[PDB]
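Enquirer: I'm passing along upload33.txt; it holds compact mmCIF, N, CA, C and O atoms.
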# COMPACT_ATOMS: atom_id res chain seq x y z
N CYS A 1 97.60 189.85 143.17
CA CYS A 1 96.26 189.27 143.04
C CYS A 1 96.32 187.76 143.23
O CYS A 1 96.88 187.04 142.41
N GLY A 2 95.74 187.29 144.33
CA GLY A 2 95.73 185.86 144.62
C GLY A 2 94.58 185.50 145.56
O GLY A 2 94.69 184.59 146.38
N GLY A 3 93.48 186.23 145.42
CA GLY A 3 92.31 185.99 146.26
C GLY A 3 91.08 186.68 145.68
O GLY A 3 90.20 187.13 146.41
N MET A 4 91.03 186.76 144.35
CA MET A 4 89.91 187.41 143.68
C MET A 4 88.70 186.47 143.65
O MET A 4 87.64 186.79 144.19
N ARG A 5 88.87 185.32 143.01
CA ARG A 5 87.79 184.34 142.91
C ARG A 5 87.39 183.85 144.29
O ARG A 5 86.21 183.61 144.56
N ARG A 6 88.38 183.70 145.17
CA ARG A 6 88.11 183.24 146.53
C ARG A 6 87.15 184.18 147.25
O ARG A 6 86.15 183.75 147.83
N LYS A 7 87.46 185.47 147.21
CA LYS A 7 86.62 186.47 147.86
C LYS A 7 85.31 186.65 147.09
O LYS A 7 84.23 186.72 147.67
N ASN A 8 85.43 186.74 145.76
CA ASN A 8 84.25 186.92 144.91
C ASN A 8 83.29 185.75 145.07
O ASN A 8 82.07 185.92 145.10
N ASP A 9 83.85 184.54 145.16
CA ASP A 9 83.03 183.34 145.31
C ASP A 9 82.23 183.41 146.61
O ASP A 9 81.06 183.01 146.65
N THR A 10 82.86 183.92 147.66
CA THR A 10 82.19 184.04 148.95
C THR A 10 81.00 184.99 148.84
O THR A 10 79.96 184.78 149.46
N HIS A 11 81.17 186.04 148.04
CA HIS A 11 80.11 187.02 147.85
C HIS A 11 79.07 186.50 146.86
O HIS A 11 77.87 186.66 147.06
N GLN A 12 79.56 185.86 145.80
CA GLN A 12 78.68 185.31 144.78
C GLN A 12 77.77 184.24 145.39
O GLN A 12 76.57 184.20 145.11
N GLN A 13 78.35 183.39 146.22
CA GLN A 13 77.58 182.32 146.86
C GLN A 13 76.50 182.91 147.75
O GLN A 13 75.32 182.58 147.62
N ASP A 14 76.90 183.80 148.66
CA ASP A 14 75.95 184.44 149.57
C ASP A 14 74.91 185.23 148.78
O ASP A 14 73.72 185.21 149.10
N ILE A 15 75.38 185.91 147.74
CA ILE A 15 74.49 186.71 146.90
C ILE A 15 73.47 185.79 146.21
O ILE A 15 72.29 185.78 146.56
N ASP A 16 73.95 185.06 145.21
CA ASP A 16 73.10 184.17 144.43
C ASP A 16 72.18 183.33 145.32
O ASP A 16 71.08 182.95 144.92
N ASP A 17 72.65 183.04 146.53
CA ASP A 17 71.87 182.24 147.47
C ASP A 17 70.72 183.08 148.04
O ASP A 17 69.61 182.59 148.24
N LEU A 18 71.01 184.35 148.30
CA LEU A 18 70.00 185.26 148.84
C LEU A 18 68.88 185.48 147.82
O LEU A 18 67.70 185.51 148.16
N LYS A 19 69.28 185.64 146.56
CA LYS A 19 68.31 185.86 145.49
C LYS A 19 67.38 184.65 145.35
O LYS A 19 66.18 184.80 145.16
N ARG A 20 67.97 183.46 145.44
CA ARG A 20 67.19 182.23 145.32
C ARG A 20 66.15 182.15 146.44
O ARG A 20 65.05 181.64 146.24
N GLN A 21 66.52 182.65 147.61
CA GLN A 21 65.61 182.63 148.75
C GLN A 21 64.56 183.73 148.62
O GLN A 21 63.36 183.49 148.76
N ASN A 22 65.03 184.95 148.36
CA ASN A 22 64.13 186.09 148.21
C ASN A 22 63.17 185.87 147.04
O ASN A 22 62.00 186.23 147.11
N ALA A 23 63.69 185.27 145.97
CA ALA A 23 62.88 185.00 144.79
C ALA A 23 61.72 184.07 145.13
O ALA A 23 60.56 184.36 144.85
N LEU A 24 62.05 182.94 145.75
CA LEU A 24 61.04 181.96 146.14
C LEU A 24 60.18 182.50 147.28
O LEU A 24 59.00 182.17 147.39
N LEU A 25 60.79 183.33 148.12
CA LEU A 25 60.07 183.91 149.25
C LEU A 25 58.89 184.76 148.77
O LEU A 25 57.73 184.45 149.04
N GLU A 26 59.20 185.83 148.05
CA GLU A 26 58.17 186.72 147.52
C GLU A 26 57.17 185.96 146.66
O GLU A 26 55.99 186.31 146.60
N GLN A 27 57.66 184.91 146.00
CA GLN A 27 56.80 184.10 145.14
C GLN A 27 55.66 183.48 145.95
O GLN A 27 54.55 183.29 145.45
N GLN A 28 55.95 183.18 147.21
CA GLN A 28 54.95 182.58 148.09
C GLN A 28 54.12 183.67 148.76
O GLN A 28 52.93 183.49 149.01
N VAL A 29 54.76 184.80 149.04
CA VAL A 29 54.06 185.92 149.67
C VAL A 29 52.94 186.43 148.77
O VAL A 29 51.89 186.87 149.25
N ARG A 30 53.17 186.38 147.46
CA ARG A 30 52.18 186.83 146.50
C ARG A 30 50.89 186.02 146.63
O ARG A 30 49.79 186.53 146.43
N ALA A 31 51.05 184.74 146.96
CA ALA A 31 49.90 183.86 147.11
C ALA A 31 49.10 184.22 148.36
O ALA A 31 47.88 184.34 148.33
N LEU A 32 49.82 184.40 149.47
CA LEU A 32 49.18 184.76 150.73
C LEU A 32 49.05 186.27 150.85
O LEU A 32 49.36 187.01 149.92
N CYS B 1 92.57 192.48 137.05
CA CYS B 1 92.87 192.77 138.45
C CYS B 1 93.52 194.14 138.58
O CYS B 1 94.51 194.44 137.91
N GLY B 2 92.95 194.97 139.45
CA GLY B 2 93.48 196.32 139.66
C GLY B 2 92.87 196.95 140.91
O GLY B 2 93.57 197.56 141.72
N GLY B 3 91.56 196.79 141.05
CA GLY B 3 90.86 197.35 142.21
C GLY B 3 89.88 196.33 142.79
O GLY B 3 88.67 196.52 142.75
N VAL B 4 90.43 195.25 143.33
CA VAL B 4 89.60 194.20 143.92
C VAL B 4 88.81 194.75 145.11
O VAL B 4 87.69 194.33 145.37
N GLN B 5 89.42 195.70 145.82
CA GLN B 5 88.78 196.30 146.97
C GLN B 5 87.49 197.01 146.56
O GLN B 5 86.46 196.92 147.23
N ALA B 6 87.56 197.73 145.44
CA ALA B 6 86.40 198.46 144.94
C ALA B 6 85.31 197.49 144.50
O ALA B 6 84.16 197.59 144.92
N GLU B 7 85.69 196.54 143.65
CA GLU B 7 84.74 195.54 143.16
C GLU B 7 84.21 194.70 144.31
O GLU B 7 83.03 194.32 144.34
N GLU B 8 85.08 194.41 145.27
CA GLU B 8 84.69 193.61 146.43
C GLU B 8 83.78 194.41 147.35
O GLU B 8 82.89 193.85 148.00
N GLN B 9 84.00 195.72 147.39
CA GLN B 9 83.18 196.59 148.23
C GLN B 9 81.72 196.54 147.81
O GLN B 9 80.82 196.56 148.65
N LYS B 10 81.50 196.46 146.50
CA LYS B 10 80.14 196.40 145.97
C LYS B 10 79.51 195.05 146.28
O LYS B 10 78.32 194.96 146.59
N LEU B 11 80.32 194.00 146.19
CA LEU B 11 79.83 192.65 146.46
C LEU B 11 79.35 192.53 147.90
O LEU B 11 78.40 191.80 148.20
N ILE B 12 80.01 193.26 148.79
CA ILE B 12 79.65 193.24 150.21
C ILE B 12 78.38 194.05 150.44
O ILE B 12 77.40 193.55 150.99
N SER B 13 78.41 195.31 150.03
CA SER B 13 77.25 196.19 150.21
C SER B 13 76.03 195.62 149.49
O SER B 13 74.90 195.73 149.98
N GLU B 14 76.26 195.03 148.33
CA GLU B 14 75.17 194.44 147.55
C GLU B 14 74.51 193.31 148.33
O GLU B 14 73.30 193.11 148.26
N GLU B 15 75.32 192.57 149.07
CA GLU B 15 74.82 191.45 149.86
C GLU B 15 73.94 191.96 151.00
O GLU B 15 72.90 191.39 151.31
N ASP B 16 74.39 193.05 151.63
CA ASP B 16 73.64 193.63 152.74
C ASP B 16 72.27 194.10 152.27
O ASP B 16 71.28 194.00 153.00
N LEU B 17 72.21 194.60 151.04
CA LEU B 17 70.95 195.08 150.48
C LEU B 17 69.95 193.93 150.37
O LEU B 17 68.78 194.06 150.72
N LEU B 18 70.43 192.79 149.87
CA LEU B 18 69.58 191.62 149.71
C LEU B 18 69.19 191.06 151.07
O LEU B 18 68.09 190.52 151.25
N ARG B 19 70.10 191.18 152.03
CA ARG B 19 69.85 190.68 153.38
C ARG B 19 68.66 191.41 154.01
O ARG B 19 67.79 190.80 154.63
N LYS B 20 68.63 192.73 153.84
CA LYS B 20 67.55 193.54 154.38
C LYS B 20 66.22 193.15 153.75
O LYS B 20 65.18 193.11 154.41
N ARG B 21 66.26 192.86 152.45
CA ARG B 21 65.05 192.47 151.73
C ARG B 21 64.57 191.10 152.19
O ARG B 21 63.37 190.83 152.23
N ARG B 22 65.52 190.25 152.56
CA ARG B 22 65.18 188.90 153.02
C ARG B 22 64.35 188.97 154.30
O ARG B 22 63.26 188.40 154.38
N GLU B 23 64.87 189.68 155.29
CA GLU B 23 64.17 189.82 156.57
C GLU B 23 62.84 190.53 156.37
O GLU B 23 61.85 190.24 157.04
N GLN B 24 62.83 191.47 155.43
CA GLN B 24 61.61 192.23 155.14
C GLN B 24 60.51 191.30 154.63
O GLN B 24 59.36 191.39 155.05
N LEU B 25 60.89 190.40 153.72
CA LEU B 25 59.93 189.46 153.16
C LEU B 25 59.37 188.55 154.25
O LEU B 25 58.20 188.17 154.22
N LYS B 26 60.22 188.21 155.22
CA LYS B 26 59.80 187.35 156.32
C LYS B 26 58.87 188.11 157.27
O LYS B 26 57.97 187.53 157.86
N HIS B 27 59.11 189.41 157.39
CA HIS B 27 58.28 190.24 158.27
C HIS B 27 56.90 190.44 157.66
O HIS B 27 55.90 190.54 158.38
N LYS B 28 56.85 190.51 156.34
CA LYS B 28 55.58 190.70 155.64
C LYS B 28 54.70 189.47 155.79
O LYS B 28 53.47 189.57 155.85
N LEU B 29 55.33 188.30 155.84
CA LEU B 29 54.59 187.05 155.98
C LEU B 29 54.41 186.70 157.45
O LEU B 29 53.33 186.31 157.88
N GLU B 30 55.49 186.85 158.22
CA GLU B 30 55.44 186.55 159.65
C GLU B 30 54.63 187.60 160.39
O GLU B 30 53.57 187.31 160.96
N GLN B 31 55.13 188.84 160.37
CA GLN B 31 54.44 189.93 161.05
C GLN B 31 53.07 190.18 160.41
O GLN B 31 52.04 189.98 161.04
N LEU B 32 53.09 190.61 159.16
CA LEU B 32 51.85 190.89 158.44
C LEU B 32 51.28 189.60 157.85
O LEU B 32 51.95 188.57 157.82
Show this structure as structure tokens.
Expert:
Amino acid sequence: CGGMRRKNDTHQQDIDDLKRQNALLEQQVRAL
Amino acid sequence: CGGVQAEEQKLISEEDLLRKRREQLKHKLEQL
């Protein structure tokens, strides 16, 4: 084991980033 | 550490799920 956080971080970043976008996205869609 | 592949597999598939939702939200605003 020598690439757990490295790989997880890549997924966590892309993930948490997608949620931040989708969250704000739908938040605006609700208005329109 | 024991099954990084398994845990990592979910992180990948989970990302794809959010990705589909992202484009969907854009289609609802862009298309619709």
Enquirer: If I take CA of residue 5 (chain A) and CA of residue 22 (chain A), how far is one from the other in Å, to one decimal?
Expert: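 According to the coordinates, CA of residue 5 (chain A) and CA of residue 22 (chain A) are separated by 24.3 Å.
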Enquirer: Rounded to one decimal in Å, what is the spacing between atom C of residue 8 (chain A) and CA of residue 26 (chain A)?
Expert: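 Computing the Euclidean distance for atom C of residue 8 (chain A) and CA of residue 26 (chain A) yields 25.3 Å.
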Enquirer: Using all atoms listed in the file and a cut-off of 6 Å, which residues of chain A sit close to chain B? Please list them as a ChimeraX atom specification.
Expert: /A:11,15,18,22
Enquirer: So what do you get for atom N of residue 27 (chain B) versus atom C of residue 12 (chain A), distance-wise?
Expert: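 About the pair atom N of residue 27 (chain B) and atom C of residue 12 (chain A): they are 22.8 Å apart.
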Enquirer: Would you mind writing down, as a ChimeraX atom specification, each residue of chain B that DSSP on the backbone assigns to alpha helix (DSSP H)?
Expert: /B:4-30
